[PDB]
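Note sheet for the following structure.
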Amino acid sequence: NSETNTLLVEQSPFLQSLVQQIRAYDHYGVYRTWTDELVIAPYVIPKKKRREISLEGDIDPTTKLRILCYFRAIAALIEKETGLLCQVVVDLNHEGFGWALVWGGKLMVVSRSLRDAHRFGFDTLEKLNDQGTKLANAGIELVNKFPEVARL
Amino acid sequence: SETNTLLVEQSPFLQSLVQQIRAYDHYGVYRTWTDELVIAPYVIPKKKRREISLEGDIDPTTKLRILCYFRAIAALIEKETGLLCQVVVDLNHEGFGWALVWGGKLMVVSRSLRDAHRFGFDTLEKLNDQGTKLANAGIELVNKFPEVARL
């Protein structure tokens, strides 16, 4: 499975987009000497370990930056495939609750309710890749359906 | 002073604003205050406003006022269109970010915010005019684009 995980990370346009964003938001250059697989591994967290993360802080800013990078990765693929310039906001309260928003023109291309944000993560690389791909596809379908709104 | 007190009573925007301020006052900390007095924090003369320091983290109290302002705008849009948009105010420690109001898949208002520590308006009329203008632009947009607004 170890050969297959490396192939998924390096082949998937979604995972590649996500790796690009993580590296772009790296103040100290901490990821510079490590593989893509290592860079994205914090997104994959066993269900059981995930369920056990405390909701008591405000969200850790690193976890918050993971969720921003996930949505920016989705936004960058929408922009690549449609030409629509997209912006991203992740708004969370102290409870881990809020919204991930991606918009281009006056069109909402992702408008996702976030809950228990401290526990953000996915069982496997496959589930990460499939969920980010699906959201990007659906955003793309929206831009194709509503150019009259995308151009505003 | 008389036209001000009256405007607070009469203005659909100012009435919406007051309602929001008091909805976020879970412990009735403002129950003995007049409507006009609960609006006063939004009205800060420019000389004074330009001396609020930008050097530290924007005050959580100021963030809540910006949220209430945008929720007032959304409530006016709901009043005239039936559609109540969701509101987000996303700000930096540095006071930069976005005020977003959307309904269905329509971005009804989207304002980039800078130096938000200094949020506020020279006079009551200026607060009322701006809130009203943004709500009226939002109502027009909702009625122009129901194919996305009403999803």
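For the record, the sequence lines run as chains B and A.
Sequential numbering of the first sequence, starting at 23, is according to the deposited numbering.
Sequential numbering of the second sequence, starting at 24, is according to the deposited numbering.
Quick reminder that beta carbons are idealized off the backbone N, C-alpha and C, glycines included.
- Query: Is it buried or exposed for residue 172 of chain B, if we count other Cβ within 10 angstroms and need 16 for buried?
  - Reply: buried
- Query: If we ignore side chains and look at the alpha-carbon of each, how far apart do residue 125 of chain B and residue 75 of chain B end up?
  - Reply: 30 Å
- Neighbourhood of residue 99 of chain A by C-beta distance below 7 Å, restricted to the same chain and skipping five residues each side: 35, 36, 39 and 158
- Task: Could you tell me which uninterrupted beta strand (DSSP E) segments, each at least 3 residues in length, are contained entirely in the region 112-172 of chain B, listed from first to last along the chain?
- Result: 120-126 and 129-136
- Task: Tell me whether residue 154 of chain A is buried or exposed, calling it buried when 16 or more other Cβ atoms sit within 10 Å of its Cβ.
- Result: buried
- Message: Across the region 125-134 of chain A and the region 163-170 of chain A, are there enough close Cβ pairs to call them in contact, namely three or more that are closer than 8 Å?
- Response: yes
- Among the residues of its own chain, which have a CB less than 7 Å from the CB of residue 133 of chain A, if the five just before and after it don't count? 121 and 123
- Report the three-state DSSP secondary structure of residue 194 of chain A (helix, strand or coil). Residue 194 of chain A lies beyond the range of chain A shown here (24 to 174); nothing can be said about it.
- Distance between residue 161 of chain A and residue 64 of chain A (C-alpha atoms, nearest Å): 25 Å
- Task: For residue 66 of chain B, name the three-state secondary structure that DSSP assigns.
- Result: strand
- Task: Could you pull the start and end residues of the alpha helix (DSSP H) that residue 94 of chain B belongs to?
- Result: 83-104
- Item | Assumed close pair residue 178 of chain A, residue 110 of chain A - CB separation to whole angstroms, cut-off 8 Å | Past the edges of chain A, shown from 24 to 174, lies residue 178 of chain A, and the structure says nothing about it.
- Message: Which of the three DSSP states is assigned to residue 61 of chain B in this structure?
- Response: helix
- Cα-Cα separation between residue 43 of chain A and residue 92 of chain A, rounded to whole angstroms: 8 Å
- Query: Can you check whether the CB of residue 41 of chain A is closer than 7 Å to the CB of residue 61 of chain A?
  - Reply: yes
- Task: Answer with yes or no whether the minimum CB distance from residue 144 of chain B to chain A is below 7 Å.
- Result: no
- Message: Considering Cα atoms alone, identify which of A/150, A/174 and A/163 is closest to residue 30 of chain A.
- Response: A/150
- Look at the alpha carbon of residue 83 of chain B and the alpha carbon of residue 46 of chain B, and state the distance between them as a whole number of angstroms. 16 Å
- Query: Does DSSP put residue 110 of chain A in a helix, in a strand, or in coil?
  - Reply: strand
- Item | the region 33-56 of chain B: positions lying closer than 8 Å to chain A by Cβ | none
- Beta carbon of residue 140 of chain B, beta carbon of residue 77 of chain B: below 7 Å? yes
- Task: Reducing DSSP to helix, strand and coil, say where residue 74 of chain A ends up.
- Result: coil
- What residues in its chain sit with their C-beta under 7 Å from that of residue 135 of chain A, if we drop five residues either side in the sequence? 121
- Let me know the secondary structure DSSP gives residue 55 of chain B once reduced to three states. coil
- Item | Nearest to residue 116 of chain A (by Cα), restricted to the options A/138, A/73 and A/48 | A/138
- Cutoff 6 Å; reference residue 27 of chain A; Cβ partners in own chain excluding five residues on either side: 147
- Cβ neighbours of residue 55 of chain B in the same chain (closer than 6 Å, five flanking residues each side left out): none
- Query: Does any C-beta atom of chain B lie closer than 7 Å to the C-beta of residue 168 of chain A?
  - Reply: yes
- Item | Selection from A/49, A/145 and A/156 that minimises the alpha carbon distance to residue 68 of chain A | A/145
- If the cut is a Cβ gap below 7 Å, which residues of chain B does residue 82 of chain A touch? Simply none; closest approach about 16 Å.
- Item | Under 7 Å between C-beta atoms of residue 131 of chain A and residue 164 of chain A | yes
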